[PDB]
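A lone chain, given as structure tokens: the form deposited in one PDB entry.
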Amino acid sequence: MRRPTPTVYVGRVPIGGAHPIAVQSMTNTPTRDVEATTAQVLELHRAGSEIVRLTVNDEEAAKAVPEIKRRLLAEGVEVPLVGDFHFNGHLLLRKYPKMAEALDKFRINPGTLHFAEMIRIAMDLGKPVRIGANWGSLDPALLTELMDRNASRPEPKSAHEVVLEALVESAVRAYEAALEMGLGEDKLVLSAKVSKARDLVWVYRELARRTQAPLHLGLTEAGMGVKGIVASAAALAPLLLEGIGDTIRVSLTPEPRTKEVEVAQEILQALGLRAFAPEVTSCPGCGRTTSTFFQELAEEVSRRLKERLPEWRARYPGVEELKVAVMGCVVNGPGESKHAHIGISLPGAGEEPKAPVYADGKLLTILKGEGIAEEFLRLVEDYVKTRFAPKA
């Protein structure tokens, strides 16, 4: 499914086609309030945000930054911070080399015939960059040209659809321009701010076709209503179902921006792109199966997994994604369970009393001990501790 891309590390978090789709969010505090900004960053992480943006405007924004990181290091909380910038960000960065290092990525407006400086600064520091096209950063003569071009077409498009062309052109040109300065494909993420599902889908299918950059998906905004939730899912789902998009933000202006993370997290889970808890699946059963045993087994396993969880979670990162399969026949069980981390298949009609256990390959046959259940949880467990060990 997934669009291949280079990997762009934002701090410790890999962003790109080979990696899990990340959730991003932003502060809502003025950054300058180190007290209220850091609180909000700690909890957005706990909420599910793996990366966190903050707007950085007057000088008062800057001094605050490196301290904010200086306490997160101590607060255990190892989050990557992203700096939201508008023109004058350079002189800001150039003045305080201390905060350029605290930031883990810069977010900048396009520029095409200050953009130069932002790119230059990032290449010195080794910092990745998101280039986010937007209405405000759009070449007026570009717009006019596109407008003229549109009116020559056999079937000219609407005003609004030309705007979207200009937005895409604006993002692609800035992308080529960052690369032209020497930035690096492993240092470059794109996006374009849109307000409607159709627009988002259309703009990002163009960005996919014309660039190899990882893509950060998001809608401009809406209030905390149903509208806002529905719009974001409506808009993100079609892209994520095609394999386009590497980072996602949900934006619903409301104390904090905390409900946004929930929603983003949900959109990912509805489409099976991230899990919060390990999962046991078992086949439906069909004609090959004699016995309810496989199904009682799966309920038991599932039950005993749901209680190892708060241990497993704190001991073993990534374990939320564990898939366990319990199948109803040996002849078809394994083939219907290829994608399980570990699965077992139970004898069916006219089958030997043996139960194969798979961990991608065959791991072992379980002879019909009464203990099959307990033997299997032991295997799930020894599988878990190996495959989900923290691996320095």
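Rigid core (definition): largest C-alpha set, two forms, superposition within 1.5 Å. Numbering starts at 1 and runs along the sequence shown.
Chemist: Residues without coordinates, deposited sequence, stretch from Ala74 to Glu75: is the count none, 1 to 3, 4 to 9, or 10 or more?
Modeler: Per the record, no deposited residues are absent between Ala74 and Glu75.
Chemist: If you count the residues of the deposited sequence that sit between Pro254 and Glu255 but have no coordinates, do you get none, 1 to 3, 4 to 9, or 10 or more?
Modeler: In the deposited sequence, 1 to 3 residues between these two have no coordinates.
Chemist: Select between 152-160 and 92-100 the stretch whose C-alpha atoms have the higher average B-factor in the entry.
Modeler: Going by the record's values, the stretch with the higher mean is 92-100.
Chemist: On mean Cα temperature factor in this entry, is 279-287 or 81-89 the higher one?
Modeler: According to the PDB entry, the answer is 81-89.
Chemist: Based on what the PDB entry reports, which of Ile51, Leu367, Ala340, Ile344 has the top C-alpha B-factor?
Modeler: Comparing C-alpha B-factors across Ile51, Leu367, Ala340, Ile344, the top value belongs to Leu367.
Chemist: Highest Cα temperature factor in the entry, among the options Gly361, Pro356, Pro30, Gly333: which one is it?
Modeler: By C-alpha B-factor in the record, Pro30 ranks first.
Chemist: Test of reading the entry: by CA B factor among the chain's modelled residues, which third contains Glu296?
Modeler: It belongs to the middle third of the chain when residues are ordered by C-alpha B-factor.
Chemist: Comparing against every modelled residue in the chain, figure out the third that the C-alpha B-factor of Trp202 lands in (lowest, middle or highest).
Modeler: Lowest third.
Chemist: Ranking the modelled residues of this chain by C-alpha B-factor as given in the entry, is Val324 in the lowest, middle or highest third?
Modeler: CA B-factor rank for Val324: lowest third.
Chemist: Using the temperature factors of the C-alpha atoms in this entry, rank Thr258 within its chain: lowest, middle or highest third.
Modeler: Tercile = highest for this residue's CA B-factor.
Chemist: Sort the modelled residues of this chain by their C-alpha B factor and say whether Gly371 lands in the lowest, middle or highest third.
Modeler: Within its chain, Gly371 is a highest-third residue by C-alpha B-factor, going by the deposited values.
As for the form deposited in another entry, it is not shown, yet the points below apply to it.
Chemist: After fitting the rigid core, tell me which of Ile68, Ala47, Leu363, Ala39 has its Cα displaced by at least 2 Å between the shown form and the other one.
Modeler: C-alpha shift of at least 2 Å: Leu363.
Chemist: Does the C-alpha of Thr281 move 2 Å or more between the shown form and the other one once the rigid core is lined up?
Modeler: Superposed on the core, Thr281 moves its C-alpha 2 Å or more between the shown form and the other one.
Chemist: Would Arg205 count as moving between the shown form and the other one, using a Cα shift of 2 angstroms or more after superposing the core as the test?
Modeler: Shift at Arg205: below 2 Å after core fit.
Chemist: After core superposition, I'd like to know whether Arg12 moves between the shown form and the other one (criterion: C-alpha shift of 2 angstroms or more).
Modeler: Comparing forms between the shown form and the other one, the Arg12 CA shifts below 2 Å.
Chemist: Since the C-alpha distance between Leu273 and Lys338 changes by 3 Å or more in the other entry, give its direction relative to the shown form: closer or farther.
Modeler: Farther: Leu273 and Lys338 separate by 3 Å or more in the other entry.
Chemist: How does the CA gap of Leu322 and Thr7 change in the other entry versus this form, closer or farther, if it moves 3 angstroms or more?
Modeler: Note: Cα gap between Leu322 and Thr7 widens in the other entry.
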